[PDB]
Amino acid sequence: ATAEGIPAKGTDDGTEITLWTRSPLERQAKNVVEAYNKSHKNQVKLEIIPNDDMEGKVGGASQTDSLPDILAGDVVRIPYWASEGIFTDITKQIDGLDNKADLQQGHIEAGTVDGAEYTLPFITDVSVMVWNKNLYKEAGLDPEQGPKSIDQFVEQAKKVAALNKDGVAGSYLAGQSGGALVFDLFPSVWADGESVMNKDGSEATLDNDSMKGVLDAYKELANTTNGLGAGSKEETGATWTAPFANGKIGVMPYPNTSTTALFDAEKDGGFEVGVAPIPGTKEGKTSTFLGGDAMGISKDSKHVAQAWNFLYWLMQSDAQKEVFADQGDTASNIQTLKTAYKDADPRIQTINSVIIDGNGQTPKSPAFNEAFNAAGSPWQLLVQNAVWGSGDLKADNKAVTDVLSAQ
């Protein structure tokens, strides 16, 4: 596949375009594809793939040259895929977008290799703090006030735990999901101005005061009756958003892409949701994980101009407004974030503020899956030791480094 000679806006000619993305982003992906298909001759044939299957599916399809036209991937997985030639070089096409500066830059950076560009943002997924205002009220907490520090997060989680009720816990930790753990825990380190990787992405820097404070917090909750919801230790990632949605959890980090479901449940007469940025150990410091899926045109596409038509279309602020803002979801285009949510739910305005304010990060390493997301990764073992066992954070950190720096 090559993007040589394709039109600046791509080709809309009735081609069937295959697109892969992952189950956690299903609500947003269906909205995007339906909007494109209702307005173009080209038609996107969408496949939603379970989060933990996407590596095996991409690796196998790459070997049989059966990758889809458009492959969306978790921004932490993209650098590896881009480095191994999974994507068609679309530098010219990306650099030709008149609004490139407006697009979520972490998604473009994820697919950059020595300045060659392979990806654009597909769906932004940021981590935020959610809490159950009904549990807060019952526990004697001010339901309007989310946690401004990790210490206040522990204090609020402990007050809800002390309700001492079957099925109610202060917080929840995705104990065996390295990907949910980086998403939920990294922002508290960045909030404090600390780093999780070194200057050149080849070493972990998790042996720092902020990360220790975060792990201290979750250990305290692990040692509190009803501190962490049943299933925390065994949570694979397949159910980690369920206990909060089911009203069983006081307060935890959570995906913005899962918040529209909560806001719908509240409209139906369910429990009221609070949303705020994830805090540092340092009070009033905040950040987020600028995650979700980026997308590019696979090396196997026979329809590069037609796939580019989809990428081009979605980058436009009007498209972003239709498929994200108008649906209550966070856009990938800062112009859309600043203009399309003026009478939106203030919690959505809160979510957007964390992106507009610029203090979140997208981590980039070609070894990110092996070091972090993978089942039994050195990062998962680091967290499991610190929260539920004993650990040597210097040793456990160096075990992450040894995977990031492997040649």
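One rule holds for the numbers: they count along the sequence shown, beginning at 1.
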Given the B-factors recorded for C-alpha atoms, which segment has the greater mean, 74 to 82 or 161 to 169?
161 to 169
Between the two ranges 292 to 300 and 192 to 200, the one averaging a larger CA B factor in the entry:
192 to 200
Peak C-alpha temperature factor (PDB record), options 44, 371, 354, 35:
354
Which has the highest CA B-factor per the PDB entry: 125, 151, 184, 102?
102
Would the CA B-factor of residue 130 place it in the lowest, middle or highest third of its chain?
lowest
Using the temperature factors of the C-alpha atoms in this entry, rank residue 15 within its chain: lowest, middle or highest third.
middle
So where's residue 67 on the chain's Cα temperature factor ranking, which third?
middle
Within this chain, which third does the Cα B-factor at residue 50 fall in: lowest, middle or highest?
lowest
Could you place residue 365 in the lowest, middle or highest third of its chain by Cα temperature factor, using the values in the record?
middle
